[PDB]
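Here the structure comes first, spelled out in structure tokens, and everything after it is commentary.
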Amino acid sequence: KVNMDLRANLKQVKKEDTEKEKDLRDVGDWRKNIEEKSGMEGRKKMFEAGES
């Protein structure tokens, strides 16, 4: 099923951060990770009140 092999090959984790993420069809776990990480983690890192 090369067709798919190619599809998945490309069609995958696609995000540019900054409130712009694209979860492929796989999502499931891939997403769960990013899905969660992204956003929340973005705010944390964006915050981290405290230098060095």
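By order of appearance in the structure tokens: chains A, B, ..., then residues from 1 within every chain, and ligands from 1 in the order shown.
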
Per-residue DSSP, segment 2-42 of chain A, filtered to alpha helix (DSSP H), as a list in words =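 Matching residues for alpha helix (DSSP H) in segment 2-42 of chain A are residues 2, 3, 4, 5, 6, 7, 8, 9, 10, 28, 29, 30, 31, 32, 33, 34, 35, 36 and 42 of chain A.
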
Residues as selected, N, CA and C atoms, written as a PDB file, in the first residue's frame, can you do that?
```pdb
ATOM      1  N   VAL A   2       1.679   1.371  -1.054  1.00  0.00           N
ATOM      2  CA  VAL A   2       2.575   2.507  -1.187  1.00  0.00           C
ATOM      3  C   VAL A   2       1.772   3.802  -1.055  1.00  0.00           C
ATOM      4  N   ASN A   3       0.628   3.822  -1.723  1.00  0.00           N
ATOM      5  CA  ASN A   3      -0.238   4.989  -1.689  1.00  0.00           C
ATOM      6  C   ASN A   3      -0.236   5.580  -0.278  1.00  0.00           C
ATOM      7  N   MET A   4      -0.623   4.748   0.678  1.00  0.00           N
ATOM      8  CA  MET A   4      -0.670   5.172   2.067  1.00  0.00           C
ATOM      9  C   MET A   4       0.730   5.502   2.587  1.00  0.00           C
ATOM     10  N   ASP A   5       1.645   4.571   2.362  1.00  0.00           N
ATOM     11  CA  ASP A   5       3.019   4.750   2.800  1.00  0.00           C
ATOM     12  C   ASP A   5       3.459   6.186   2.513  1.00  0.00           C
ATOM     13  N   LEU A   6       3.104   6.654   1.324  1.00  0.00           N
ATOM     14  CA  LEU A   6       3.454   8.004   0.916  1.00  0.00           C
ATOM     15  C   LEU A   6       2.621   9.006   1.716  1.00  0.00           C
ATOM     16  N   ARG A   7       1.320   8.754   1.748  1.00  0.00           N
ATOM     17  CA  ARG A   7       0.408   9.622   2.471  1.00  0.00           C
ATOM     18  C   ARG A   7       0.933   9.888   3.883  1.00  0.00           C
ATOM     19  N   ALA A   8       1.014   8.818   4.661  1.00  0.00           N
ATOM     20  CA  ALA A   8       1.497   8.922   6.028  1.00  0.00           C
ATOM     21  C   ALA A   8       2.887   9.561   6.026  1.00  0.00           C
ATOM     22  N   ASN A   9       3.721   9.087   5.112  1.00  0.00           N
ATOM     23  CA  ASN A   9       5.075   9.600   4.996  1.00  0.00           C
ATOM     24  C   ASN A   9       5.060  11.116   5.204  1.00  0.00           C
ATOM     25  N   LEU A  10       4.331  11.794   4.331  1.00  0.00           N
ATOM     26  CA  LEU A  10       4.226  13.241   4.408  1.00  0.00           C
ATOM     27  C   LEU A  10       3.211  13.618   5.489  1.00  0.00           C
ATOM     28  N   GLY A  28      -3.896  10.094  17.602  1.00  0.00           N
ATOM     29  CA  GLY A  28      -3.878   9.100  18.664  1.00  0.00           C
ATOM     30  C   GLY A  28      -2.847   9.461  19.735  1.00  0.00           C
ATOM     31  N   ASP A  29      -1.675   8.859  19.608  1.00  0.00           N
ATOM     32  CA  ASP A  29      -0.600   9.106  20.554  1.00  0.00           C
ATOM     33  C   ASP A  29       0.134  10.390  20.162  1.00  0.00           C
ATOM     34  N   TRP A  30       0.629  10.398  18.933  1.00  0.00           N
ATOM     35  CA  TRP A  30       1.352  11.552  18.425  1.00  0.00           C
ATOM     36  C   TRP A  30       0.675  12.811  18.972  1.00  0.00           C
ATOM     37  N   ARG A  31      -0.626  12.896  18.734  1.00  0.00           N
ATOM     38  CA  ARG A  31      -1.397  14.038  19.196  1.00  0.00           C
ATOM     39  C   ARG A  31      -1.326  14.145  20.720  1.00  0.00           C
ATOM     40  N   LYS A  32      -1.956  13.183  21.379  1.00  0.00           N
ATOM     41  CA  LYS A  32      -1.971  13.158  22.832  1.00  0.00           C
ATOM     42  C   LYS A  32      -0.735  13.885  23.364  1.00  0.00           C
ATOM     43  N   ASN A  33       0.404  13.561  22.770  1.00  0.00           N
ATOM     44  CA  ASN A  33       1.659  14.173  23.172  1.00  0.00           C
ATOM     45  C   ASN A  33       1.614  15.670  22.863  1.00  0.00           C
ATOM     46  N   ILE A  34       1.756  15.984  21.585  1.00  0.00           N
ATOM     47  CA  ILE A  34       1.733  17.368  21.145  1.00  0.00           C
ATOM     48  C   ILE A  34       0.459  18.041  21.661  1.00  0.00           C
ATOM     49  N   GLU A  35      -0.673  17.473  21.269  1.00  0.00           N
ATOM     50  CA  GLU A  35      -1.960  18.006  21.683  1.00  0.00           C
ATOM     51  C   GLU A  35      -1.859  18.606  23.087  1.00  0.00           C
ATOM     52  N   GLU A  36      -1.365  17.794  24.009  1.00  0.00           N
ATOM     53  CA  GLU A  36      -1.214  18.231  25.386  1.00  0.00           C
ATOM     54  C   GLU A  36      -0.048  19.214  25.506  1.00  0.00           C
ATOM     55  N   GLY A  42       3.567  25.692  25.963  1.00  0.00           N
ATOM     56  CA  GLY A  42       3.934  26.944  25.323  1.00  0.00           C
ATOM     57  C   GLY A  42       3.793  28.118  26.293  1.00  0.00           C
TER      58      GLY A  42
END
```

Record the distance separating atom CA of residue 39 of chain A and atom CA of residue 20 of chain A, expressed in Å with one decimal.
-> 9.3 Å

Neighbour list for residue 12 of chain A as a ChimeraX atom specification, cut-off 8 Å, only C-alpha atoms, skip fewer than 6 positions in-chain | /A:23-26

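Minimum atom-to-atom distance to residue 16 of chain A, evaluated using only C-alpha atoms, belongs to A:38 out of A:45, A:1, A:50, A:38.
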